[PDB]
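Chains as they are written, first to last, in the UniProt record's numbering: chain A, 195 to 242; chain B, 735 to 783; chain C, 1 to 285; chain D, 1 to 285; chain E, 154 to 306.
Listed below in structure tokens is the structure:
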């Protein structure tokens, strides 16, 4: 609501190609990803 | 018949009063007739036994 | 502006004027549904010319009253839109054997609307009920049609065969009497049926109530025109049989096209305002 | 074609049928709200069998009119879901001192939907109202009850005490006369209040308006069945007191279960069509 | 370029003047208008339409693809994605098209071509989408006359 509260991460990984790299992140961070779309339908004019 | 009996409007019965429409409904596949359930799930199991 | 007649007695005029004031209240709204009104014209009793004029006054007055009362069913049409949305919302909580196949019939039902063009309404209710009646079959697990080109005809589901015979009699009267609808005494709601199915059965009756009116109004409004167009093919030839100023003046009155009822209204009031001059053209008494 | 009666005078017969034709117009609809109508049945003054039978023609005719009308919720209940979703957007906008507490209520409110079963609908609304009224206190940080098992009662927040009486008073009419709704022209909006608060007031008002139509309906539909079943426990024993063709004939009629209202309509339609054969059994005049 | 068409209204006439004047650290600058003599240059028209295609062709085409993939409820967000397409701000009441509008009566082959017409606009648009780095400065000389920069790309 009032503000984003970002976290920080450092991720060693055997993956090198950018396409396969982001795909695994789409799973582990799907919880925040659900918050991302949820804020969009919640707050028009606001553009996270 | 090929059509399901699922709607409940097809089923109705009566006792002790003259039923020309029911007695004339004989042999015809529909409407078919089923009595109000004296049956219970425990007694229903025994008929299969 | 009131209808005029030639040789008719005043008692016959009372029979006709009362028919217009009571035309909505009278069962079965059709001039051919009341043959005795045609007997008031005095056909065969009088000359062939006089019968053609009095009949024209009847059909134009039978037509103008339909233009007056105006089947404004838009109020009842709004109720069909509300009961339509009531059906689809119930189905989201009920699992089906193929949720994607069911949702395709839901989304089309939720797009329902009524454009200003009246001609679409015959197709609006039809395309909606086909998305609705098939949806009721899925919850009951009754087989739906699979062959191409074999859309299911609309019909009430989960009702006694005696009950369908009763409600059809009520829709049968609306086809003959589109004005004063009389509500049924046998409600379609049933405790035995799934509550969504009762929303569908009322949705069909709201659909049949509207489609019968738009269809019957499409016929009688068109049927009156052909009955009037024959008079131009008849009354004009009778004026050709004898030439006099009264017989000649009527020939130009019929020059207006019967087509388009707005132009046809000019054919009536102009015929009435000038009635005094050609009254002698038709023999009487 | 119409409900039958035994010893009633013709003036009493028309008076009862008119009570059903005007039943929605009469304030505070209940058979016990009009005690004199039970005196019109012929209590005490007539033979005891005549009273029990005519009362059976009342409750079966009273319950049948309830099916014939049935308080539709297709209009306001859809408006309730829209105003409910509107609260879900405004609820996220307001900062809280405990983000995890307000999320627990709004996550439940987002999932609101109506099952096809109608009896569960009162449970649907109340879980959304308790979720909302608890949130309304957090907007002003008023102390909600913390005791386990107490369950905070539904109540409007931050309104004039006279307005709190006017708003609840209309619900008392919804709990008595559910048919002819006459919504208040008064606004629930308060410019001094947060828009999140006023949205709850429009939400709780419709939320009480939905449950009150259902609970008062379920209170009648449940009561109507038990009142008929008590007549069967007594009237059948009276037929046992004197064996006869018509007396044993009636025993078969009541043999069918009173359960389910669809059966009750079948119980009435047969009893009227065959009423003539056994009318002699009941003394009158 | 989105405002290259409308111009007579004062609101657009001023809003372009604000975008024309960038303001940043130290010196400020002004960005020349691509538009000249009312009519737009062909390059911006090819680019502005490339966004206009994706902004509109994506609308109807994505409707069928959301409803089917959302049935799994895996990440659950796809159900919220289905209502994302209604495109509105105010909580609209009882107009009764709560579901997003969907394509109808599309030709079975032309539906494939519409997807081919989609991504091809993205390829023409791609040059504006990205900015490859070419240098990364480290230390900077005084008066900013020059600076060392490791090469990139």
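Think of the CB as a built atom: it goes at the ideal place given N, C-alpha and C, for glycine as much as any other residue.
- At least 8 Å separates the beta-carbon of residue 90 of chain D from that of residue 159 of chain D.
- By the neighbour-count definition (other C-beta atoms within 10 Å, threshold 16), residue 135 of chain D is a buried residue.
- Rounded to whole angstroms, the gap between the alpha carbons of residue 161 of chain C and residue 189 of chain C is 16 Å.
- DSSP, read as helix, strand or coil, puts residue 182 of chain E in strand.
- Those residues of the segment 71-82 of chain D placed with their C-beta closer than 9 Å to a C-beta in chain C are 72, 73, 74, 75, 77, 78, 81, ordered along the chain.
- Fully contained in the segment 208-296 of chain E are the following beta strand (DSSP E) runs of length 3 or more, in chain order: 288-293.
- In this structure, residue 272 of chain D lies away from residue 59 of chain D, with their beta-carbon atoms at least 8 Å apart.
- Remark: C-beta atoms of residue 213 of chain D and residue 73 of chain D approach each other more closely than 8 Å.
- Counting along the chain, residue 179 of chain D sits inside no beta strand (DSSP E), nor does DSSP assign it H or E at all.
- The shortest CA-to-CA distance from residue 220 of chain D to any of D:259, D:260, D:30, D:277 is the one to D:30.
- In this structure, the beta-carbon distance from residue 205 of chain C to residue 246 of chain C does not fall below 8 Å.
- Shown here, residue 257 of chain D sits in coil according to DSSP, grouped into three states, outside any helix or strand.
- Between residue 63 of chain D and residue 750 of chain B the beta-carbon gap is near 24 Å, outside 8 Å, which marks them as no contact.
- Note that the C-beta distance between residue 128 of chain C and residue 106 of chain C is not below 8 Å.
- Secondary structure of residue 19 of chain D (DSSP, three-state): helix.
- Between the alpha carbons of residue 24 of chain C and residue 56 of chain C lies a distance of about 21 Å.
- Setting aside the 5 residues that flank it on each side, residue 181 of chain E is surrounded in the same chain by 174, 175, each with a C-beta closer than 8 Å to its C-beta; the list follows chain order.
- Per DSSP, residue 146 of chain D has no beta-bridge partner at all.
- By the 16-neighbour rule on beta-carbons within 10 angstroms, residue 771 of chain B is exposed.
- With contact defined as three or more Cβ pairs closer than 8 Å, the segment 161-176 of chain C and the segment 137-150 of chain C are not in contact.
- When only Cα atoms are considered, residue 254 of chain C and residue 237 of chain C end up about 11 Å apart.
- Excluding residues up to 5 positions away in sequence, 37 lie with their Cβ nearer than 7 Å to the Cβ of residue 19 of chain D in the same chain.
- Proximity of chain E to residue 224 of chain A at the Cβ level (cut-off 8 Å) is accounted for by 228, 230, in chain order.
- Here residue 195 of chain E carries a helix assignment [DSSP, helix/strand/coil].
- Rounded to whole angstroms, residue 211 of chain C and residue 738 of chain B show a C-alpha spacing of 29 Å.
- When C-beta atoms of the segment 219-228 of chain A are compared with those of the segment 225-245 of chain E, three or more pairs fall below 8 Å, so the two segments count as touching.
- Against chain E, the CB of residue 231 of chain A has a partner CB under 8 Å away; the residue lies at that interface.
- For residue 742 of chain B, the residues of chain C that pass the 7 Å Cβ criterion are 192, in the order they occur in the chain.
- When DSSP states are grouped into helix, strand and coil, residue 303 of chain E belongs to the strand group.
- Proximity to residue 286 of chain E across E:191, E:305, E:269, E:301 peaks at E:305, based on C-alpha coordinates.
- By the Cβ criterion, the segment 39-49 of chain C is not in contact with the segment 209-216 of chain E, since fewer than three pairs of Cβ atoms, one from each stretch, lie closer than 8 Å.
- Contact note: residue 110 of chain C reaches chain E through 249, 250, 251, 252, using a C-beta cutoff of 8 Å and chain order.
- Straight through space, the alpha carbons of residue 118 of chain D and residue 243 of chain E are spaced by roughly 31 Å.
- For residue 736 of chain B and residue 235 of chain E, the gap between their C-alpha atoms comes out near 40 Å.
- Between residue 1 of chain C and residue 169 of chain C, the C-beta gap is not smaller than 8 Å, which leaves the two residues out of contact.
- With respect to chain D, the C-beta atom of residue 195 of chain C has a partner C-beta closer than 8 Å.
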